[PDB]
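# Observations on the model geometry
Listed here are the chains, written in short residue letters.
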Amino acid sequence: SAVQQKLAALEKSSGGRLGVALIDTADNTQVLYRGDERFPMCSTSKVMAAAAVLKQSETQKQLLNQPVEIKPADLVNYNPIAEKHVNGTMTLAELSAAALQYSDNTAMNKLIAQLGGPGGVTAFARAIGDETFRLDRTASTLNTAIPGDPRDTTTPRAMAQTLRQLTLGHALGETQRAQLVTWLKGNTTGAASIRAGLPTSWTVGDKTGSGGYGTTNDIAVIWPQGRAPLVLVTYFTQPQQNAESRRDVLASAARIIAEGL
Ligand SMILES: *C(=O)[C@@H](NC(=O)/C(=N/OC(C)(C)C(=O)O)c1csc(N)n1)[C@@H]1N=C(C(=O)O)C(=C)CS1
């Protein structure tokens, strides 16, 4: 189709490897580009960890309100929220918001720990029917994005389906589903990625990721005017370890989709 050719041209112009999955919930049509190839997730895995804690809170009533100590050993590279609470506490709700809306890596690691480690995040993925997602390491290591390394990867097709199930489907209870969507709509890190390729009147909830090898990712639920919601996953990675981020490539992918379908 014309969209897949435009995505192939975008990829050629980029010098990298582009993976796209769009789900149009109006008729459940799916458009894939490298949709079954594995990409490093980087920080887009924070949605699965936040959703896993929300799932836990369906049966542990006041779980999201529980305080979690932030200790010196918890501090990592990038923790713009958690560093302000070292030797203090944050609630699991606050850690979820910090992970999703600021991509705070200390916050993510507190969620992973709350789930029993990377294997607990993965086990939740399996519980909601995602057999492709794998989380193998904590937040510092998970962004290394070395080519050929299957750790901390998924495919565009799998992540779009999972994001659909979590935000538009029935993977979470209704209060939890709404809270996840509220957090994604308040993301602060996504203006240059999928959002930049979409009309400004469309509502977006998204989670970005960035990592080594110029890896630049964004996963989004989109509510256009005049049509049913869309789920869009855009993954991108490059051959040089120190390649620069290409959020503009993600925005171009979104524009192709928004104009072409
Ligand atoms: C998730 O993707 C996180 N990414 C990182 O921790 C890394 N940021 O490095 C970049 C390339 C952004 C940098 O400025 O050097 C990273 C690269 S290699 C490594 N081990 N970690 C968070 N997510 C985002 C995001 O785009 O959502 C960031 C902007 C960085 S923190």
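For this deposited structure, the header cites X-ray crystallography as the method used and 1.80 Å as the resolution.

### Description of the layout of surface pockets
Of the pockets and cavities examined, the largest pocket occupies roughly 290 Å³. Lining the largest pocket are 17 residues, with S43, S103, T208, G209 and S210 sitting closest to its centre. Sort the elements by how many residues they give to the lining of the largest pocket and strand β7 (residues 203-210) lands first, with three residues. Split by residue class, the lining of the largest pocket holds two nonpolar, 13 polar and two charged.

### So, the site of the ligand
The environment of the ligand is made up of 15 residues, and the closest members are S43, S103, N143, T208 and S210. Between the ligand and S103 there is a distance of 2.9 Å, counted from a nitrogen atom to a side-chain nitrogen or oxygen. Contact between the ligand and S140: a nitrogen atom at 3.3 Å from a main-chain N or O atom of the residue. For the ligand, whose unbound accessible area comes to 630 Å², protein coverage reaches 64%. When residues of the shell around the ligand are assigned to their parent elements, the largest contribution, four residues, is made by β7. Looking at the shell around the ligand, its residues break down into two nonpolar, 11 polar and two charged.

### Observations concerning the environment of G190
Here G190 shows up in the loop between α7 (174-185) and β7. For the pair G190 and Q165, spaced 25 residues apart in sequence, the C-alpha separation works out to 21 Å. With sequence-adjacent residues up to four places away left out, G190 is seen in contact with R195, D206 and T208.

About the criteria used
- Residues numbered from 1 in each chain as written, not as in the entry; some residues may be left out.
- Heavy atoms only, no water.
- Residues with missing side-chain atoms left out of burial classes, pairs and counts.
- 1 Å grid on protein atoms, 1.4 Å probe; cavity = no way out; pocket = protein on both sides within 12 Å on 5 of 7 lines; lining within 4 Å.
- Points joined across faces, edges and corners; volume = space filled by probe spheres on them.
- Helix = DSSP H or I, 4+ residues; strand = E, 2+ residues; numbered from the N terminus.
- Nonpolar A, V, L, I, M, F, W, Y, C, P; charged D, E, K, R; others polar.
- Near = heavy atom within 4 Å.
- Polar contact = N/O pair within 3.5 Å; in protein donor to acceptor, adjacent residues only side chain to side chain.
- Areas by Shrake-Rupley, 256 points an atom, 1.4 Å probe, with all protein chains shown as cover.
- Contact = heavy atoms within 4.5 Å.

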